[PDB]
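Since the structure comes first, as structure tokens, the remarks are kept for the end.
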Amino acid sequence: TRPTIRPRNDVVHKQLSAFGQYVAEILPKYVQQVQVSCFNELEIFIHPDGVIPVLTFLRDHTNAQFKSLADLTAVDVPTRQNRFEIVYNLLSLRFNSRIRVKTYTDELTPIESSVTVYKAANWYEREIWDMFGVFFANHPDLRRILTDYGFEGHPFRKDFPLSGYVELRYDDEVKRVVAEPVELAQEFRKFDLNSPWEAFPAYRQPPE
Amino acid sequence: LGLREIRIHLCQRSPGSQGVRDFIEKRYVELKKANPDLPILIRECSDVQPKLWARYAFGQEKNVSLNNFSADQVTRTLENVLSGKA
Amino acid sequence: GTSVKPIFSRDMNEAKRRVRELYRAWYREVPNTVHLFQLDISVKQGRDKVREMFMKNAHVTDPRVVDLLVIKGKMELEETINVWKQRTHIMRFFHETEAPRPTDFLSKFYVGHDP
Amino acid sequence: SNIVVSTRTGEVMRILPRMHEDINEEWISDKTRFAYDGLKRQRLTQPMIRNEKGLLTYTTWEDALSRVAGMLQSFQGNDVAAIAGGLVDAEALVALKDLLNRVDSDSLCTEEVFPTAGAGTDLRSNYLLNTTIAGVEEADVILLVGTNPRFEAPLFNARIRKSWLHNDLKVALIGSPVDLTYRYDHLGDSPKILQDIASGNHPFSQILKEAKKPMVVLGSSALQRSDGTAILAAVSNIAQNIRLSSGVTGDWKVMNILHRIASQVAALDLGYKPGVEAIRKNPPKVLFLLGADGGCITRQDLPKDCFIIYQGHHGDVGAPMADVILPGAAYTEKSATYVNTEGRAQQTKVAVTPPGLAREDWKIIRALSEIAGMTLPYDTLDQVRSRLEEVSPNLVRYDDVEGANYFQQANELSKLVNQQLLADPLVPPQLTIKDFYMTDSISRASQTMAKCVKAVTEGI
Amino acid sequence: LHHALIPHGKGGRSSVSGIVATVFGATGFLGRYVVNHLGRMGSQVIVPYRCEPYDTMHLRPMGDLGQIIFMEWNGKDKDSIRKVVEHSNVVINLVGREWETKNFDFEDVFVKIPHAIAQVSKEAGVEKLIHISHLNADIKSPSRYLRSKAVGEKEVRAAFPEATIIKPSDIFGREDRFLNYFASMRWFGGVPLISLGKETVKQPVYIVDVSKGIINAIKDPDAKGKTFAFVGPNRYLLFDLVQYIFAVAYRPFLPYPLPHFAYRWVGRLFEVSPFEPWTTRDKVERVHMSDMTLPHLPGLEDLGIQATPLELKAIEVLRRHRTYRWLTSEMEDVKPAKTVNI
Amino acid sequence: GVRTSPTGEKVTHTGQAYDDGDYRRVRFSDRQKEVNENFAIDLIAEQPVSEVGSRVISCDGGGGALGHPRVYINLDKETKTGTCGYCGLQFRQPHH
Amino acid sequence: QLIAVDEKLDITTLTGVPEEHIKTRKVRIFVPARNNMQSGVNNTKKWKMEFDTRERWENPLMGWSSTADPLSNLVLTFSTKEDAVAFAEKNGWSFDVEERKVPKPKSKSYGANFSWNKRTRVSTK
Ligand SMILES: NC(=O)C1=CN([C@@H]2O[C@H](COP(=O)(O)OP(=O)(O)OC[C@H]3O[C@@H](n4cnc5c(N)ncnc54)[C@H](OP(=O)(O)O)[C@@H]3O)[C@@H](O)[C@H]2O)C=CC1
Ligand SMILES: [Zn+2]
């Protein structure tokens, strides 16, 4: 158990669980769930309406000063009714800690922009809109950031094909670069790598 | 003018096909002995509706709904289709 | 019911009003785009192309989808006004280098296995 | 049988069993597994016509289709005829039926004979395996007449062996004493025995009477011996005597017919006039060979200058005798409907696309109809399947085996004409394992089956 | 149909059109458009070049990997012609020089080379041969260019009976000599026109239309022995045509009449230069000659092509000749020229 | 041990060669065709047969860790030589 | 607050998919069959959505396999059949669904191998 296994830390687990309970008690109107992963990471699952309050609390409360927004991204899970899962990662320098906030949305429901809480979100939210299509309500300047001008669709979507739909080439007759339907000389070869035997019994799901 | 085939689609559990069922149970064999060269196909429908198809020469074909019909009604419309009426 | 929340428009009428505002903006901008980008098309060509792009999705009856479409239209208009787009991006609306795919059954049967 | 086609970079690499507890049950036969390499040989890839010297030369789709349309427009009525093959899908069958009906033609036939006397095609229970494959586990007595299930339906014979081993089935055979994998009771090979069993004198008849839930299976291979009507009548009489002496046990469906051709049941459900006798009695001037490689009709049974059109995927006996050749798709290259021997309709998926200029069969027929001027009302596969549902609605339920028993009417109508039997022993076409491998067009082009035949003939 | 030559794909860059084309003179004005249209569909193109390979660089992005093969050839050498067409199922001939040179007179360029190409293609089993001549090709023409064109067309027909022959008329495009040539005259400051250009009728045709016509003639089975006339939709007087050209370029138009002998003398003076001549007596003869009308020949409309009018694709050529002041002027503010149509 | 097609084109060890009417041969005009002349099948054929006095022998291709995975070959069959799956070397038990 | 939209969900205009790959594609919703070479059943737990196969040809150089459609490798995974149907419906695709094939429970008995009077007795071990 000693040499190759990552060692556990019980003290940080207890501290994170206690602080998660503290946060959940303080904000019962929005907090839906609290988790502490076994590698000592604290996650708080909230309602979409509580993005501005919760974050503000976590940025301003004396016992919880998360003045840094490390990351803000979305995860696409097609099988869920609310497709996209918005993730905020916050860092507290005063208490040397990290916390995660999660919420959900679908293709048409907007989410309040948190530029008033964190300036760093200004680009991050844009990126989400560029690659997932999640609209942020009161964003001061929301537009594509990473994709090409006049690029249709949102690439970081599970139903979006890897190679897209159009490809570019220079056409001499019109003397410019044109976009045409994609046609690969060699198709991407799909590999079925999943083993037919269960690997981890601890994550087995009930067969209903 | 020249009939070529008859197609009767009946569902085997719905109530609206009951009369049609009775027809096939009782007065089908006699009909087959009165038209030994006429293809009268008997097929099964999904729960939607019972129906009777009739195909004429050159691919023209017409259909009649048999929902909630009685056996007498079924045989009446059928003999109307075979005869030069309606 | 359905516990749905709007983006901008509460009903269909507000969505149509925003659509008409976007149409006015694009109609106004087309001549300036033709001049600045030094396009070889006429102003009438650009305007009827704008009309065609608007009518391409005229079957939408959901106010939220209409609002999102108007937002994307504003994004494209802002890209065109600020000359962030280039000539290639503008001409990509016209498909000038693409052979016209046939739409009838016989030509598709002759060409290949794709329906 | 349900299968999984494994393909790589647009090439069929192998065939594997796909589990279906009611049909094949994790197994496939050797022909199903190893004949796929015949799809790489002897393929028809381009349209071909006859040149000035009478030789077949490549041409375009427009040219061949225009020639066929010009020949089809000139002849209408009984002079146009069509024959369906053994590996033909329901979509192409219904398209050809509609196209020939547009010229007031009804001479649509199959290469396998089924008795048209009495009920014939009209009653679906007349030509099906009513007990179904999964039902064999519930019987205790089964009687096989004039068939060899081991080679005509290997998975059905495996099911019979499973029931014999676990449920203590009792099996009797009327025919040649072929080697089934289990032990059966050989009543003999004379057809006369059937009449004796239908009479009541025979010892076996008492066994059938005292055994609840019995099964009587008549192979289709015994319906092509010029007296299949009499054999079918005698077997139906046996089934009726069973159903009468013991009464109606409920829903058991004693009567059964076991097919060996994958396109036969769909054709019958479309009303396709089984048997090729209609062509022989009224020879046509335009023949539509739709994958017909049985050699049933040659150029000696047809008038001089008969225009023959062959549409298939392999170059076989039926190809070089034609005037126009239209390359179709194999079963691995189309999404198509095939109806089981129990009446269970199933659909294929596209593994790879047809090679060269080969096209989908119903697409070819529809394009020909458009060029000839009598365009058909469907352009999409969904529309063709809607037409199939119009013609026979059981062809669009893709796993349903349920049906209605009309045995009383068919038995009543089978009593009218009682044409005599003949004193020839019932001999199945599949007498020895060497005859099992090469049976259809795809098998005959396969090299693995040639190796198998050479191994089973001269073992060493 | 030689299975390796069966069409496949959606007709794109990586698709296979089952066409193997040898395009003689692909390094010119029409050749680049023909090669581009061939490479769009996924066809295999063999470019025989005699120039510096650098001068063929612009043809490299026109095709997919391995679909364009460059080979060196010599016009006077038959073995090179055999080498470059040995594997092609279609051969297009676009060889032609507008001026006479010290090593290749008009007879060499328009008669001997096309005849040799046709003969070697017939001997090599090439199925289709597309040849390009002039609409005004006449054996009695006062231009050696057109007389040579007519003679070479007759020789090609004699050597390759099933050859498709195409007769365009003053193709205009971005790299054309026709639109640019008139535009280039402004440097002198006076536009010299014989009889003020009031007795010359022109029917110019768009370059993309000609390339599409060649491509559609390749894929049309019933265009084997046929001869096509590729002309534009409108006919213009020379004076009005030059007026419209200068109006689109936004340049002052100062046309003056010049006698035929004086224009011939000026043409001769330009001809003496070692480098390609701005103009030549032959060019003077051809540019002041009315375009023939041939209602008995098929045209672009018989190949499914609607000819593009000059007024639609003239700004894309002449905008380069505008000054900075008028560089941004639109297309529909020139009031197109009057057409003498029938 | 290279052969030559009727068109004068070298045949590769995989056996591939363009048909007479194949247009793709145009890619070799004014150029050459890349062919490896050391055919592996003939090279492994000329190797002699090792005689060993055991019913089971082991082969690792030579060089220990620089060879292939070590495999064991059964030599009980008399009218045949044990052949390594990886190396292709042949082994046999003494007879006569 | 709540507009109470009474329309069927449809996002086809927002996804950026060309109409060729919306009105012509046919998706397949199924639980994949077990690989008959193995006995593990862990790959037959979740539903999958795939697209119909399109043309693949041989590219003239190197003989590689080329394709022209963009959805040839797209395979989506769903927990339930209803979820996959909802996704396909809201994305505008026409689908076919096949019900799950669960292997029926068997009746295994080791003693049956040595039956006194029944055919199940084995002749070898
Ligand atoms: N341009 C026009 O207005 C219309 C032209 N068409 C005809 O269509 C043909 C092509 O038209 P276009 O593209 O405009 O003319 P270009 O001058 O632009 O093309 C000439 C091509 O032919 C080659 N070529 C010329 N002379 C020789 C030679 N002696 N030996 C080998 N190759 C040679 C050139 O090679 P390189 O560049 O390396 O020297 C070049 O590739 C011509 O025959 C022309 O007469 C006729 C009606 C008018
Ligand atoms: Zn070794």
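Ordering of the structure tokens sets the chain letters (A, B, ...); residue numbers start at 1 within each chain; ligands are numbered from 1 in the order shown.
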Residues at most 6 Å from ligand 1, using only C-alpha atoms and all ligand atoms? Could they come as a tab-separated table (two decimals) with N, CA, C and O atoms, in the first residue's frame?
```tsv
chain	number	residue	atom	x	y	z
E	25	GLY	N	-0.39	23.60	-73.47
E	25	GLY	CA	-0.52	25.03	-73.25
E	25	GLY	C	-1.31	25.39	-72.01
E	25	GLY	O	-2.13	26.32	-72.04
E	26	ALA	N	-1.09	24.66	-70.91
E	26	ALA	CA	-1.80	24.93	-69.67
E	26	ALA	C	-1.19	26.07	-68.87
E	26	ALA	O	-1.75	26.44	-67.83
E	27	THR	N	-0.06	26.62	-69.31
E	27	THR	CA	0.61	27.70	-68.61
E	27	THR	C	0.27	29.08	-69.17
E	27	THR	O	1.02	30.03	-68.97
E	28	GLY	N	-0.86	29.20	-69.87
E	28	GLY	CA	-1.27	30.47	-70.43
E	28	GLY	C	-2.43	31.10	-69.70
E	28	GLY	O	-2.53	31.02	-68.48
E	29	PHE	N	-3.32	31.75	-70.46
E	29	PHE	CA	-4.47	32.44	-69.89
E	29	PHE	C	-5.67	31.50	-69.75
E	29	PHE	O	-6.28	31.41	-68.68
E	30	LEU	N	-6.03	30.80	-70.83
E	30	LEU	CA	-7.11	29.83	-70.77
E	30	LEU	C	-6.68	28.54	-70.07
E	30	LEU	O	-7.51	27.88	-69.43
E	31	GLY	N	-5.40	28.20	-70.17
E	31	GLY	CA	-4.93	26.94	-69.61
E	31	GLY	C	-5.09	26.87	-68.10
E	31	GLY	O	-5.43	25.82	-67.56
E	50	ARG	N	7.05	23.73	-71.36
E	50	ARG	CA	8.34	24.04	-71.97
E	50	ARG	C	9.05	25.20	-71.30
E	50	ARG	O	10.23	25.41	-71.56
E	51	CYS	N	8.35	25.93	-70.44
E	51	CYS	CA	8.89	27.13	-69.82
E	51	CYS	C	9.70	26.77	-68.58
E	51	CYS	O	10.01	25.60	-68.31
E	75	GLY	N	7.84	21.06	-78.69
E	75	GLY	CA	6.82	21.10	-79.73
E	75	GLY	C	7.24	20.37	-81.00
E	75	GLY	O	6.43	19.70	-81.64
E	94	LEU	N	-4.42	23.80	-76.24
E	94	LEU	CA	-4.54	25.25	-76.07
E	94	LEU	C	-3.27	25.97	-76.49
E	94	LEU	O	-3.04	27.11	-76.07
E	95	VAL	N	-2.43	25.34	-77.30
E	95	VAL	CA	-1.18	25.96	-77.73
E	95	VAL	C	-1.48	27.07	-78.73
E	95	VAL	O	-2.25	26.87	-79.68
E	96	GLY	N	-0.89	28.23	-78.51
E	96	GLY	CA	-1.07	29.35	-79.41
E	96	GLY	C	-0.36	30.61	-78.95
E	96	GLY	O	-0.39	30.94	-77.77
E	97	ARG	N	0.29	31.31	-79.88
E	97	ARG	CA	0.99	32.55	-79.58
E	97	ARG	C	0.38	33.67	-80.40
E	97	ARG	O	0.13	33.51	-81.60
E	104	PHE	N	9.30	30.11	-83.95
E	104	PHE	CA	7.97	29.50	-84.13
E	104	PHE	C	7.09	30.51	-84.86
E	104	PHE	O	6.54	31.43	-84.25
E	109	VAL	N	2.95	27.12	-84.95
E	109	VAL	CA	2.18	27.12	-83.71
E	109	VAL	C	0.75	26.64	-83.95
E	109	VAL	O	0.16	25.97	-83.08
E	132	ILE	N	-8.82	24.03	-80.02
E	132	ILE	CA	-9.30	25.40	-79.94
E	132	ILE	C	-8.79	26.16	-81.16
E	132	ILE	O	-7.58	26.21	-81.40
E	133	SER	N	-9.71	26.74	-81.92
E	133	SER	CA	-9.38	27.60	-83.05
E	133	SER	C	-10.09	28.93	-82.84
E	133	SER	O	-10.59	29.21	-81.75
E	134	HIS	N	-10.12	29.78	-83.86
E	134	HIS	CA	-10.74	31.09	-83.74
E	134	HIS	C	-12.07	31.12	-84.47
E	134	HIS	O	-12.28	30.41	-85.46
E	168	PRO	N	-13.83	30.09	-80.00
E	168	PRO	CA	-14.21	31.27	-79.22
E	168	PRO	C	-13.93	32.56	-79.97
E	168	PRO	O	-13.39	32.54	-81.07
E	169	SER	N	-14.29	33.70	-79.37
E	169	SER	CA	-14.13	35.00	-80.03
E	169	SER	C	-13.75	36.04	-78.98
E	169	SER	O	-14.62	36.55	-78.27
E	170	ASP	N	-12.46	36.36	-78.90
E	170	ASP	CA	-11.96	37.47	-78.09
E	170	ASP	C	-12.36	37.31	-76.62
E	170	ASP	O	-13.15	38.08	-76.06
E	171	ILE	N	-11.80	36.26	-76.01
E	171	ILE	CA	-12.07	35.98	-74.61
E	171	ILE	C	-11.56	37.12	-73.74
E	171	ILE	O	-10.44	37.62	-73.93
```
Report as a list in words which protein, DNA and RNA residues come within 8 Å of ligand 2, using only C-alpha atoms and all ligand atoms.
-> residues 59, 60, 61, 62, 67, 68, 70, 71, 83, 84, 85, 86, 87, 88 and 89 of chain F
If you keep C-alpha atoms, can you produce a file of those selected residues as a compact mmCIF listing (two decimals), in the first residue's frame?
```
# COMPACT_ATOMS: atom_id res chain seq x y z
CA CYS F 59 13.78 -19.38 -30.15
CA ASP F 60 14.12 -15.66 -29.44
CA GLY F 61 15.48 -14.52 -32.82
CA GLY F 62 19.05 -14.03 -31.62
CA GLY F 67 15.23 -10.31 -30.71
CA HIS F 68 11.56 -11.25 -30.56
CA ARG F 70 10.97 -16.07 -26.66
CA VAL F 71 8.72 -18.84 -27.97
CA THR F 83 8.97 -23.03 -37.79
CA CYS F 84 9.29 -19.97 -35.57
CA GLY F 85 6.28 -17.66 -35.68
CA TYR F 86 8.43 -14.52 -35.53
CA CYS F 87 11.87 -15.27 -36.98
CA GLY F 88 10.88 -17.83 -39.60
CA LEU F 89 13.83 -20.06 -38.73
```
Within 12 Å of chain D, which residues of chain A are there when counting only C-alpha atoms? Please give them as a CSV table (one decimal) with N, CA, C and O atoms, in the first residue's frame.
```csv
chain,number,residue,atom,x,y,z
A,186,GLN,N,-8.0,10.7,-46.6
A,186,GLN,CA,-8.1,9.5,-45.8
A,186,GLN,C,-9.0,9.8,-44.6
A,186,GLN,O,-8.8,10.7,-43.8
A,187,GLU,N,-10.1,9.0,-44.5
A,187,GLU,CA,-11.0,9.2,-43.4
A,187,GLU,C,-10.4,8.8,-42.1
A,187,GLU,O,-9.5,7.9,-41.9
A,188,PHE,N,-10.8,9.6,-41.0
A,188,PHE,CA,-10.3,9.3,-39.7
A,188,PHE,C,-10.9,7.9,-39.3
A,188,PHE,O,-12.1,7.6,-39.4
A,189,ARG,N,-10.0,7.1,-38.8
A,189,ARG,CA,-10.3,5.7,-38.5
A,189,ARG,C,-10.7,5.6,-37.1
A,189,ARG,O,-9.9,5.9,-36.2
A,190,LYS,N,-12.0,5.1,-36.9
A,190,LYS,CA,-12.5,5.0,-35.5
A,190,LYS,C,-12.1,3.7,-34.9
A,190,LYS,O,-12.2,2.6,-35.5
A,191,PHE,N,-11.6,3.8,-33.7
A,191,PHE,CA,-11.1,2.7,-32.9
A,191,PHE,C,-12.1,2.4,-31.8
A,191,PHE,O,-12.5,3.3,-31.1
```
Check: which chain C residues lie within 12 Å of chain G using only C-alpha atoms, as a PyMOL selection string = chain C and resi 1-12+53-73+101+103+112-115
Output file for the residues above (N, CA and C atoms, as an mmCIF file, in the first residue's frame):
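After the write, result-v6.cif holds the following:
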```
data_model
loop_
_atom_site.group_PDB
_atom_site.id
_atom_site.type_symbol
_atom_site.label_atom_id
_atom_site.label_comp_id
_atom_site.auth_asym_id
_atom_site.auth_seq_id
_atom_site.Cartn_x
_atom_site.Cartn_y
_atom_site.Cartn_z
ATOM 1 N N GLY C 1 -47.492 26.818 -18.501
ATOM 2 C CA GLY C 1 -46.460 26.234 -17.663
ATOM 3 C C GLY C 1 -45.122 26.075 -18.363
ATOM 4 N N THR C 2 -44.521 24.895 -18.196
ATOM 5 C CA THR C 2 -43.242 24.453 -18.755
ATOM 6 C C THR C 2 -42.036 25.104 -18.087
ATOM 7 N N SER C 3 -42.237 26.089 -17.209
ATOM 8 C CA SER C 3 -41.157 26.701 -16.426
ATOM 9 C C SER C 3 -39.980 27.125 -17.305
ATOM 10 N N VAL C 4 -40.283 27.808 -18.406
ATOM 11 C CA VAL C 4 -39.272 28.288 -19.342
ATOM 12 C C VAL C 4 -39.105 29.789 -19.161
ATOM 13 N N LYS C 5 -37.880 30.274 -19.359
ATOM 14 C CA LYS C 5 -37.602 31.690 -19.215
ATOM 15 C C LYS C 5 -37.091 32.272 -20.528
ATOM 16 N N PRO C 6 -37.525 33.475 -20.888
ATOM 17 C CA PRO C 6 -37.139 34.051 -22.179
ATOM 18 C C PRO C 6 -35.735 34.633 -22.150
ATOM 19 N N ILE C 7 -35.203 34.865 -23.350
ATOM 20 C CA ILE C 7 -33.922 35.550 -23.485
ATOM 21 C C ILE C 7 -34.172 37.050 -23.537
ATOM 22 N N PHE C 8 -34.857 37.504 -24.583
ATOM 23 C CA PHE C 8 -35.204 38.911 -24.736
ATOM 24 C C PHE C 8 -36.699 39.138 -24.875
ATOM 25 N N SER C 9 -37.367 38.375 -25.735
ATOM 26 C CA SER C 9 -38.756 38.623 -26.095
ATOM 27 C C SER C 9 -39.683 37.730 -25.283
ATOM 28 N N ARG C 10 -40.751 38.324 -24.748
ATOM 29 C CA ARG C 10 -41.739 37.550 -24.004
ATOM 30 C C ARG C 10 -42.642 36.754 -24.938
ATOM 31 N N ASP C 11 -43.033 37.347 -26.065
ATOM 32 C CA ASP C 11 -43.973 36.707 -26.978
ATOM 33 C C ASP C 11 -43.419 36.673 -28.395
ATOM 34 N N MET C 12 -44.260 36.292 -29.357
ATOM 35 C CA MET C 12 -43.835 36.282 -30.750
ATOM 36 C C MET C 12 -43.682 37.694 -31.306
ATOM 37 N N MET C 53 -31.195 34.913 -46.941
ATOM 38 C CA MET C 53 -30.696 34.386 -45.674
ATOM 39 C C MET C 53 -31.724 34.560 -44.563
ATOM 40 N N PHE C 54 -32.464 35.672 -44.578
ATOM 41 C CA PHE C 54 -33.534 35.856 -43.601
ATOM 42 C C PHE C 54 -34.649 34.836 -43.796
ATOM 43 N N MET C 55 -35.025 34.568 -45.047
ATOM 44 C CA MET C 55 -36.120 33.645 -45.320
ATOM 45 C C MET C 55 -35.715 32.185 -45.183
ATOM 46 N N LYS C 56 -34.414 31.893 -45.134
ATOM 47 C CA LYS C 56 -33.967 30.509 -45.016
ATOM 48 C C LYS C 56 -34.518 29.835 -43.767
ATOM 49 N N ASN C 57 -34.765 30.598 -42.709
ATOM 50 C CA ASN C 57 -35.267 30.069 -41.445
ATOM 51 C C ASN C 57 -36.530 30.807 -41.009
ATOM 52 N N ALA C 58 -37.435 31.027 -41.961
ATOM 53 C CA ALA C 58 -38.692 31.715 -41.700
ATOM 54 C C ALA C 58 -39.765 30.802 -41.122
ATOM 55 N N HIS C 59 -39.466 29.522 -40.922
ATOM 56 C CA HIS C 59 -40.416 28.564 -40.374
ATOM 57 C C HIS C 59 -40.364 28.476 -38.855
ATOM 58 N N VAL C 60 -39.500 29.254 -38.206
ATOM 59 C CA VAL C 60 -39.342 29.161 -36.760
ATOM 60 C C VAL C 60 -40.547 29.783 -36.070
ATOM 61 N N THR C 61 -41.122 29.052 -35.115
ATOM 62 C CA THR C 61 -42.263 29.530 -34.343
ATOM 63 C C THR C 61 -41.961 29.631 -32.854
ATOM 64 N N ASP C 62 -40.706 29.447 -32.450
ATOM 65 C CA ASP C 62 -40.307 29.533 -31.052
ATOM 66 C C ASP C 62 -39.657 30.884 -30.799
ATOM 67 N N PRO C 63 -40.210 31.718 -29.915
ATOM 68 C CA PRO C 63 -39.603 33.038 -29.676
ATOM 69 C C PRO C 63 -38.166 32.977 -29.188
ATOM 70 N N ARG C 64 -37.797 31.957 -28.410
ATOM 71 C CA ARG C 64 -36.420 31.853 -27.933
ATOM 72 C C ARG C 64 -35.453 31.581 -29.080
ATOM 73 N N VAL C 65 -35.824 30.680 -29.990
ATOM 74 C CA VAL C 65 -34.977 30.399 -31.145
ATOM 75 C C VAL C 65 -34.862 31.634 -32.027
ATOM 76 N N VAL C 66 -35.958 32.380 -32.173
ATOM 77 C CA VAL C 66 -35.925 33.612 -32.953
ATOM 78 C C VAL C 66 -34.985 34.626 -32.311
ATOM 79 N N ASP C 67 -35.035 34.746 -30.983
ATOM 80 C CA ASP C 67 -34.142 35.668 -30.289
ATOM 81 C C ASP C 67 -32.682 35.278 -30.483
ATOM 82 N N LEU C 68 -32.378 33.983 -30.390
ATOM 83 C CA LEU C 68 -31.001 33.541 -30.598
ATOM 84 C C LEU C 68 -30.548 33.797 -32.032
ATOM 85 N N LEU C 69 -31.436 33.571 -33.002
ATOM 86 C CA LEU C 69 -31.103 33.857 -34.394
ATOM 87 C C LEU C 69 -30.832 35.341 -34.600
ATOM 88 N N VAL C 70 -31.617 36.201 -33.950
ATOM 89 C CA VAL C 70 -31.393 37.640 -34.057
ATOM 90 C C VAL C 70 -30.066 38.025 -33.415
ATOM 91 N N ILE C 71 -29.709 37.372 -32.308
ATOM 92 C CA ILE C 71 -28.425 37.648 -31.664
ATOM 93 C C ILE C 71 -27.271 37.278 -32.591
ATOM 94 N N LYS C 72 -27.357 36.111 -33.232
ATOM 95 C CA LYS C 72 -26.318 35.716 -34.182
ATOM 96 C C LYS C 72 -26.273 36.662 -35.379
ATOM 97 N N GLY C 73 -27.438 37.125 -35.834
ATOM 98 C CA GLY C 73 -27.466 38.104 -36.906
ATOM 99 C C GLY C 73 -26.788 39.405 -36.523
ATOM 100 N N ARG C 101 -25.475 21.109 -57.220
ATOM 101 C CA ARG C 101 -25.898 19.727 -57.036
ATOM 102 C C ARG C 101 -27.303 19.537 -57.596
ATOM 103 N N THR C 103 -31.132 18.135 -58.020
ATOM 104 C CA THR C 103 -32.161 17.857 -57.031
ATOM 105 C C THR C 103 -33.151 16.783 -57.462
ATOM 106 N N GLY C 112 -24.306 9.041 -58.203
ATOM 107 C CA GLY C 112 -23.738 8.175 -57.191
ATOM 108 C C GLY C 112 -24.800 7.561 -56.307
ATOM 109 N N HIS C 113 -24.336 6.948 -55.220
ATOM 110 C CA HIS C 113 -25.197 6.238 -54.283
ATOM 111 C C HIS C 113 -25.832 7.149 -53.244
ATOM 112 N N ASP C 114 -25.448 8.420 -53.197
ATOM 113 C CA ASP C 114 -25.971 9.335 -52.194
ATOM 114 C C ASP C 114 -27.357 9.809 -52.607
ATOM 115 N N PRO C 115 -28.390 9.617 -51.775
ATOM 116 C CA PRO C 115 -29.763 10.022 -52.090
ATOM 117 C C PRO C 115 -29.921 11.536 -52.180
#
```
Residues of chain E within 12 Å of chain C, only C-alpha atoms counted, as a ChimeraX atom specification | /E:6-13,15-17,36-37,40-41,208,212,311-320,326-333
Could you pull out all residues of chain F with a DSSP call of strand (DSSP E) and give them as a list in words?
->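 Everything in chain F that counts as strand (DSSP E) is residues 3, 4, 10, 11, 50, 51, 56, 57, 58, 59, 71, 72, 73, 74, 82, 83, 90, 91 and 92 of chain F.
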Hey, what's within 7 Å of residue E:90 if we count only C-alpha atoms and toss same-chain stuff fewer than 6 positions away? As a list in words, please?
->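 My reading of the contact set: residues 20, 21, 22, 126, 127, 128 and 129 of chain E.
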Proximity of chain B to chain D: per-residue shortest pair, 7 Å limit, only C-alpha atoms, as JSON lines:
```
{"residue": "B:12", "atom": "CA", "partner": "D:404", "partner_atom": "CA", "distance": 6.9}
{"residue": "B:29", "atom": "CA", "partner": "D:409", "partner_atom": "CA", "distance": 6.1}
{"residue": "B:39", "atom": "CA", "partner": "D:122", "partner_atom": "CA", "distance": 6.6}
{"residue": "B:40", "atom": "CA", "partner": "D:122", "partner_atom": "CA", "distance": 5.6}
{"residue": "B:41", "atom": "CA", "partner": "D:122", "partner_atom": "CA", "distance": 4.2}
{"residue": "B:42", "atom": "CA", "partner": "D:122", "partner_atom": "CA", "distance": 5.6}
{"residue": "B:43", "atom": "CA", "partner": "D:392", "partner_atom": "CA", "distance": 6.2}
{"residue": "B:44", "atom": "CA", "partner": "D:394", "partner_atom": "CA", "distance": 6.3}
{"residue": "B:45", "atom": "CA", "partner": "D:393", "partner_atom": "CA", "distance": 5.7}
{"residue": "B:57", "atom": "CA", "partner": "D:104", "partner_atom": "CA", "distance": 5.6}
{"residue": "B:58", "atom": "CA", "partner": "D:104", "partner_atom": "CA", "distance": 4.4}
{"residue": "B:59", "atom": "CA", "partner": "D:102", "partner_atom": "CA", "distance": 5.0}
```
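Across E:206, E:178, E:73, E:33, the tightest approach to chain F is made by E:73 when counting only C-alpha atoms.
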Give one line per residue of chain E that approaches chain F to at most 10 Å, naming the two atoms of the closest pair and their distance in Å to one decimal, counting only C-alpha atoms; sort by chain then ascending residue number and deliver it as a tab-separated table.
```
residue	atom	partner	partner_atom	distance
E:2	CA	F:21	CA	7.6
E:3	CA	F:22	CA	9.1
E:4	CA	F:22	CA	7.1
E:5	CA	F:23	CA	8.4
E:20	CA	F:23	CA	7.7
E:44	CA	F:24	CA	9.4
E:46	CA	F:26	CA	8.7
E:66	CA	F:27	CA	8.0
E:67	CA	F:27	CA	9.4
E:68	CA	F:27	CA	9.6
E:69	CA	F:27	CA	7.2
E:70	CA	F:30	CA	9.7
E:71	CA	F:30	CA	7.5
E:72	CA	F:30	CA	8.9
E:83	CA	F:29	CA	7.8
E:84	CA	F:26	CA	8.4
E:85	CA	F:26	CA	9.2
E:86	CA	F:26	CA	8.0
E:87	CA	F:23	CA	5.1
E:88	CA	F:23	CA	7.1
E:89	CA	F:23	CA	8.8
```
